[PDB]
Amino acid sequence: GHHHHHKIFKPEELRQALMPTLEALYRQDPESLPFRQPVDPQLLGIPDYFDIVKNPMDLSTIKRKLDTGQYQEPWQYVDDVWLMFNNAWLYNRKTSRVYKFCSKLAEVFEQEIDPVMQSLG
Ligand SMILES: COc1ccc(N2C(=O)CCC[C@H]2c2nc3cc(-c4c(C)noc4C)ccc3n2[C@@H]2CCN(S(C)(=O)=O)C2)cc1F
């Protein structure tokens, strides 16, 4: 998650600072592939997905929000990234490939976001 630590940012400043962290997620192949589009429960034959997951998130949604300047503060981007991870950890079993891939992306994200957040203050 995001955590407070003891500033209005322009959308282009956010995009510049944060986009590399998203790019690092997309670069993980094959780990990012299940996360690049919204989960489609009809194609996947999982009618209970939206019972468990009330607030879906994925990389395409995050990218669109960054691209269109929807995040006002870096913590909002960080929250959406963790939402995506937490949803995947919640729904899928720990034995599954997609859960393991989720964990791998979260490790990459933690490593990349930390120095960025320090900079942005
Ligand atoms: C590249 O990594 C994967 C590639 C394929 C798979 N899958 C299988 O191994 C078994 C067949 C179904 C497939 C698959 N499972 C997915 C699960 C999710 C998902 C996530 C994330 N959070 O909750 C759920 C449920 C998402 C996609 C899954 N897929 C494939 C991978 C890409 N597609 S698609 C065509 O819908 O974009 C479906 C799992 C993977 F982790």
# chains A, B, ... in the order shown; residues from 1 in each chain; ligands from 1

call {"tool": "residues_near_ligand", "arguments": {"ligand": "ligand 1", "cutoff": "6 Å", "atoms": "only C-alpha atoms and all ligand atoms", "output": "PyMOL selection string"}}
result
chain A and resi 30-31+33-35+37+39-40+88+91-92+97-98

call {"tool": "write_last_selection", "arguments": {"atoms": "N, CA and C atoms", "output": "PDB file, in the first residue's frame"}}
result
ATOM      1  N   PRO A  30       6.498 -12.920 -18.947  1.00  0.00           N
ATOM      2  CA  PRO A  30       5.033 -12.881 -19.095  1.00  0.00           C
ATOM      3  C   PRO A  30       4.199 -12.395 -17.911  1.00  0.00           C
ATOM      4  N   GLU A  31       4.854 -11.932 -16.849  1.00  0.00           N
ATOM      5  CA  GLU A  31       4.190 -11.702 -15.560  1.00  0.00           C
ATOM      6  C   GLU A  31       3.066 -10.660 -15.670  1.00  0.00           C
ATOM      7  N   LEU A  33       1.192  -9.966 -18.345  1.00  0.00           N
ATOM      8  CA  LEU A  33       0.131 -10.257 -19.318  1.00  0.00           C
ATOM      9  C   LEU A  33      -1.294 -10.405 -18.775  1.00  0.00           C
ATOM     10  N   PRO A  34      -1.484 -11.063 -17.617  1.00  0.00           N
ATOM     11  CA  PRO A  34      -2.871 -11.148 -17.106  1.00  0.00           C
ATOM     12  C   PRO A  34      -3.423  -9.850 -16.590  1.00  0.00           C
ATOM     13  N   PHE A  35      -2.578  -8.844 -16.438  1.00  0.00           N
ATOM     14  CA  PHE A  35      -2.921  -7.551 -15.804  1.00  0.00           C
ATOM     15  C   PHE A  35      -3.085  -6.412 -16.814  1.00  0.00           C
ATOM     16  N   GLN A  37      -5.287  -5.977 -19.265  1.00  0.00           N
ATOM     17  CA  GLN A  37      -6.657  -5.620 -19.621  1.00  0.00           C
ATOM     18  C   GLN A  37      -7.543  -6.005 -18.506  1.00  0.00           C
ATOM     19  N   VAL A  39     -10.114  -7.834 -16.165  1.00  0.00           N
ATOM     20  CA  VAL A  39     -10.561  -9.188 -16.065  1.00  0.00           C
ATOM     21  C   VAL A  39     -11.965  -9.275 -16.696  1.00  0.00           C
ATOM     22  N   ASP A  40     -12.142 -10.238 -17.610  1.00  0.00           N
ATOM     23  CA  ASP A  40     -13.435 -10.482 -18.266  1.00  0.00           C
ATOM     24  C   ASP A  40     -13.967 -11.817 -17.770  1.00  0.00           C
ATOM     25  N   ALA A  88      -6.123  -9.259  -7.168  1.00  0.00           N
ATOM     26  CA  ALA A  88      -5.621 -10.502  -7.782  1.00  0.00           C
ATOM     27  C   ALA A  88      -5.234 -11.488  -6.670  1.00  0.00           C
ATOM     28  N   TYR A  91      -8.815 -12.833  -5.176  1.00  0.00           N
ATOM     29  CA  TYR A  91      -9.568 -13.737  -5.954  1.00  0.00           C
ATOM     30  C   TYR A  91      -8.899 -15.097  -6.241  1.00  0.00           C
ATOM     31  N   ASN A  92      -7.650 -15.033  -6.647  1.00  0.00           N
ATOM     32  CA  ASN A  92      -6.900 -16.207  -7.053  1.00  0.00           C
ATOM     33  C   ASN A  92      -6.222 -16.908  -5.861  1.00  0.00           C
ATOM     34  N   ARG A  97      -0.628 -19.546 -11.068  1.00  0.00           N
ATOM     35  CA  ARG A  97       0.307 -18.741 -11.783  1.00  0.00           C
ATOM     36  C   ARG A  97       0.002 -17.234 -11.659  1.00  0.00           C
ATOM     37  N   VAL A  98      -1.266 -16.842 -11.797  1.00  0.00           N
ATOM     38  CA  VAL A  98      -1.605 -15.433 -11.802  1.00  0.00           C
ATOM     39  C   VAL A  98      -1.336 -14.815 -10.435  1.00  0.00           C
TER      40      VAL A  98
END

call {"tool": "closest_atom_pairs", "arguments": {"of": "stretch 20-50 of chain A", "to": "stretch 109-114 of chain A", "cutoff": "10 Å", "atoms": "only C-alpha atoms", "output": "Markdown table"}}
result
| residue | atom | partner | partner_atom | distance |
| --- | --- | --- | --- | --- |
| A:20 | CA | A:112 | CA | 8.2 |
| A:21 | CA | A:112 | CA | 5.7 |
| A:22 | CA | A:109 | CA | 8.1 |
| A:24 | CA | A:109 | CA | 7.5 |
| A:25 | CA | A:109 | CA | 6.9 |

call {"tool": "write_last_selection", "arguments": {"atoms": "N, CA and C atoms", "output": "PDB file, in the first residue's frame"}}
result
ATOM      1  N   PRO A  20       7.594   5.897 -15.687  1.00  0.00           N
ATOM      2  CA  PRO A  20       8.587   4.822 -15.649  1.00  0.00           C
ATOM      3  C   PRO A  20       8.258   3.631 -14.735  1.00  0.00           C
ATOM      4  N   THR A  21       7.563   3.883 -13.632  1.00  0.00           N
ATOM      5  CA  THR A  21       7.182   2.841 -12.720  1.00  0.00           C
ATOM      6  C   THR A  21       6.136   1.935 -13.397  1.00  0.00           C
ATOM      7  N   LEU A  22       5.206   2.492 -14.160  1.00  0.00           N
ATOM      8  CA  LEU A  22       4.223   1.687 -14.895  1.00  0.00           C
ATOM      9  C   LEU A  22       4.893   0.910 -16.037  1.00  0.00           C
ATOM     10  N   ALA A  24       7.876  -0.163 -16.050  1.00  0.00           N
ATOM     11  CA  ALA A  24       8.543  -1.303 -15.421  1.00  0.00           C
ATOM     12  C   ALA A  24       7.627  -2.473 -15.182  1.00  0.00           C
ATOM     13  N   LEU A  25       6.354  -2.215 -14.892  1.00  0.00           N
ATOM     14  CA  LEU A  25       5.401  -3.286 -14.788  1.00  0.00           C
ATOM     15  C   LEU A  25       5.119  -3.923 -16.140  1.00  0.00           C
TER      16      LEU A  25
END

call {"tool": "residues_around", "arguments": {"residues": "residue A:38", "least_positions_apart": "4", "cutoff": "10 Å", "atoms": "only C-alpha atoms", "output": "list in words"}}
result
residues 34, 56, 57, 58, 59, 60, 61 and 84 of chain A

call {"tool": "residues_around", "arguments": {"residues": "stretch 74-80 of chain A", "least_positions_apart": "2", "cutoff": "7 Å", "atoms": "only C-alpha atoms", "output": "CSV table (one decimal) with C-alpha atoms, in the first residue's frame"}}
result
chain,number,residue,atom,x,y,z
A,1,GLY,CA,0.0,0.0,0.0
A,2,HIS,CA,0.7,3.8,0.0
A,14,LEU,CA,3.2,13.3,-12.4
A,57,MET,CA,-8.4,-2.4,-11.7
A,62,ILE,CA,-4.1,2.9,-14.7
A,71,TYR,CA,-4.3,11.6,-10.7
A,72,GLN,CA,-3.9,14.8,-8.7
A,82,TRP,CA,-2.1,-1.8,-5.1
A,83,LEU,CA,-5.8,-2.1,-5.7
A,84,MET,CA,-5.0,-4.1,-8.8

call {"tool": "closest_residue", "arguments": {"among": "A:55, A:63, A:7, A:41", "to": "residue A:19", "atoms": "only C-alpha atoms"}}
result
A:63

call {"tool": "select_by_dssp", "arguments": {"residues": "chain A", "states": "alpha helix (DSSP H)", "output": "PyMOL selection string"}}
result
chain A and resi 11-26+41-44+49-52+59-67+74-91+97-120

call {"tool": "atom_distance", "arguments": {"atom1": "atom CA of residue A:67", "atom2": "atom CA of residue A:29"}}
result
22.1 Å
